[PDB]
């Protein structure tokens, strides 16, 4: 685990449009904080509607028929993405450090996981660019018919603060591989890594206007994207509330394409025949990863009665082993929550668990004199009507419940408006296949949890979102299909 042997210096703080750095139209700036210390790191240019309009015009122009980005070989779009991955690999120490400092994110994970994921995802996407293909189709009648899987056009992409870099790359990788242009709005909490990447987009040689990055707030810059009359598509990861607003704003304006990923209340089902240590470990990391701030957090763990008490005991032992503190310091194993709102939400929900009669096994309160820290918290004997069993907490708060009827537990697992993911732990082939088939969730892990890769599509059932990202299947959502049908004198098979 190498580190930056020199203190981080913040350089890139401006709006990125047509490969140059812009002041906000208003002249306004907003502060950016270190969640572990509550101290301002810097000021960043505050994008708003006016700045979004500049970025959209730039993106529109870069998408015009005859432009460099429309006319270059697909393989060259791919080359540019591979180059960007190489640049991020070059600046890995710097990026992992900035990510950890701005995002409250453990540095070892930032370096070994987030940065690795960004690099691998970009390289995966680079490979698709010249492998996006349409069809030739044996239509009835004397016609030649083919399809073009064109890029859609200008894609507005709004990303959250929990995985700033990974989410940036998850959005831009596919969009660019397919030939789109993008207007990106990073989370107000975490604009800095996106702006560094923008410098590397310029360095790699992407044509101007192909990627534009507009830091700013949700109701301002975000809303301007969702309601813009010349944005063809909007992609978003974040809260359900905002997802609704985005879909509504898209409907009112220009009926732009919308894809959403909106978190979850993801269940695990642990059968009595399960490898118990393996289930405890994966379910543990499954809920606690990055201070509980994962859309896929395994926030309801149902365990067969006969192994329930043992499951709970071992889970508690594991949760009691964390070291809280600054995510930069080696050996520290839990960083802060991102901000006050999240902090407040986690505490309120923890209090509801105590009130509504859940058994507190450990944690249950805040930690320290600075930083938005929350003790890792475990509740057992949780019941389905409790707030901590229904609401996404997005904090280090684990719920453990028992069942003895498998039919009943699948119904309980499914009894939510969410549906992002689930986990099944068993040694039995038939149970693994039939349970995974019955769960209304986008990804089901069997005898593991939290395994996400560029090669697999990822997305929600129900209110956890719509559409899929990554894999072969995800690329479909960044193309617009055109059918071309040509009259011919006579066809032959």
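Numbering follows the first chain given and starts at 1.
Mean C-alpha B-factor is higher over 252-260 than over the other stretch, the pair under comparison being 252-260 and 125-133. Higher mean CA B-factor, judged across 182-190 and 148-156 from the recorded values: 182-190. Comparing C-alpha B-factors across 49, 60, 462, 431 in the deposited entry, the largest value falls on 49. Highest CA B-factor among 266, 398, 329, 75, as stated in the entry: 329. Annotation for residue 177: CA B-factor lies in the lowest third of the chain's modelled residues. In the PDB entry, a CA B factor belonging to the highest third of its chain's modelled residues is recorded for residue 41. In this PDB entry, residue 423 carries a Cα temperature factor that places it within the lowest third of its chain's modelled residues.
Sort the modelled residues of the chain by CA B factor and residue 453 lands in the middle third. Annotation for residue 16: CA B-factor lies in the highest third of the chain's modelled residues.
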